[PDB]
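Below: the sequence, then the experimentally determined structure.
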Protein chains: 2
Amino acid sequence: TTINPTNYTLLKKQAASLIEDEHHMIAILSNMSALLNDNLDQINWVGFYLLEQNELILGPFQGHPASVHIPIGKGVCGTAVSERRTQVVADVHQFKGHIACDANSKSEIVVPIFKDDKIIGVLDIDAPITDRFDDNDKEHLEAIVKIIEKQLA
Amino acid sequence: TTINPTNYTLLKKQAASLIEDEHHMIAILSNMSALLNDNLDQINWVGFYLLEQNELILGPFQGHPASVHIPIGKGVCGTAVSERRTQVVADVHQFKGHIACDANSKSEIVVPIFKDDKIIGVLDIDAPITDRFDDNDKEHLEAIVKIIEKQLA
Ligand SMILES: C[S@](=O)CC[C@H](N)C(=O)O
Ligand SMILES: C[S@](=O)CC[C@H](N)C(=O)O
């Protein structure tokens, strides 16, 4: 029950190695969601939403089925895009309503992905506990999106 | 050693219902790999590969990271496209070579996905035991593919 630490150092190394020479977005996203899922303890969902036709639409991910459409400025994902900055949410509950979405997502973090400064999607990770993600997770997770951005650039 | 029965009757209802009113391929493929994963015991990988520029390129899936490219006519997946027919392998080992790919994959099932007479990809499922998929599994799984093909149609 004790969150066993994640060696982000190795993670960024495993990530870069993993998508080297690949430029196809979906493949990269798919393998990355799996990679993150294999090296992040105490979480229940890790994936990507893509910005298409002025909204977020579900991309590759590891976990149970999820909502396909997320309007901009709505939710943690929609908020990361409307403000184009990472969203680290310690308590997903007091964030917007407390409806049927109060499953195993107590805390959460969303990192926007950019290509030539424009938002092309976001990285979304859920956790069954509160305060799962902090400044440190933020830094490192943003380094990962950067490794991803390099292959899509 | 045993395989817990899978309620394909229900699964097909949740499937059709899960992707009702959706037409975005990646969203559908992603949520579908999740559904399959939550409803199939004794398997270690479930996902899709997309037919692009004369080859299969990794798509949404649930499991550990997988190889990105698979040329047509190659492996279990490439053969399903080159022959455009479902491929069921009772013992993946005796198939092709027994290299570093003999991991948790003992048996496998691949089902080509068609759109207006052409193949757009394949559903692929690995199992940690041999003979995981019998004629019954295949038919209902092909049924699942049909539900997906209806949405991509
Ligand atoms: C975007 S909304 O604020 C949360 C989405 C959810 N974490 C998911 O797994 O899709
Ligand atoms: C052609 S190959 O042997 C297909 C892909 C492999 N089952 C996988 O699980 O990714």
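Thanks, I have it. Residues are numbered from 1 along each chain as shown, chains lettered A, B, ... in the order given. Ligands and ions are numbered 1, 2, ... in the order given.

C-alpha from now on. contacts and neighbour counts both.
Noted.

Buried residues, the longest helix along chain A. List them.
Longest helix in chain A, counting residues (DSSP state H): helix A:135-152. Buried residues in helix A:135-152, defined by neighbour count with 16 or more other Cα atoms under 10 Å in any protein chain shown: A:138, A:140, A:141, A:142, A:144, A:145, A:146, A:147, A:148, A:149, A:151, A:152.

Kindly report the same for stretch A:47-54.
A:47, A:48, A:49, A:50, A:51.

I'd like the distance between the first one and ligand 1.
Translated: residue A:47. Remark: distance between residue A:47 and ligand 1 (Cα to the nearest ligand atom, to the nearest Å) = 7 Å.

How about that residue: what's its closest non-neighbour residue?
Closest residue in space to residue A:47, ignoring its immediate chain neighbours: residue A:61 at 3.8 Å, by Cα to Cα, 6 or more residues apart in numbering or on different chains.

Surely that neighbour is within a strand?
Yes - counting by DSSP: H, G, I helix; E, B strand; the rest coil, residue A:61 is part of a strand.

do the helix or strand encompassing residue A:34 and chain B meet at all?
Counting by DSSP states H and E, the element that carries residue A:34 is helix A:25-38. Yes - contact of helix A:25-38 with chain B (Cα under 8 Å from any Cα of the partner chain) involves A:26, A:27, A:30, A:31, A:32, A:34, A:35, A:38.

What of stretch A:135-152?
No - using Cα under 8 Å from any Cα, stretch A:135-152 never reaches chain B; the gap is at least 14.3 Å.

gap between that stretch and the chain center?
Mean-position distance between stretch A:135-152 and its chain equals 10 Å (Cα atoms, centre = their mean, to the nearest Å).

what about residue A:95, how many residues close to it?
12 (other Cα atoms under 10 Å in any protein chain shown).

Ok, the one 10 residues further on next?
The burial count assigned to residue A:105 is 19, neighbours taken as other Cα under 10 Å.

Assign it to helix, strand or coil.
The three-state assignment at residue A:105 reads coil, by three-state DSSP.

contacting residues around it?
Residue A:105 makes contacts with A:44, A:92, A:126, A:127, A:128, A:129, as judged by Cα atoms under 8 Å, 6 or more residues apart in numbering or on different chains.

Any of those buried? List them.
Buried by 16+ other Cα under 10 Å: A:44, A:92, A:126, A:127, A:128, A:129, out of the contacts of residue A:105.
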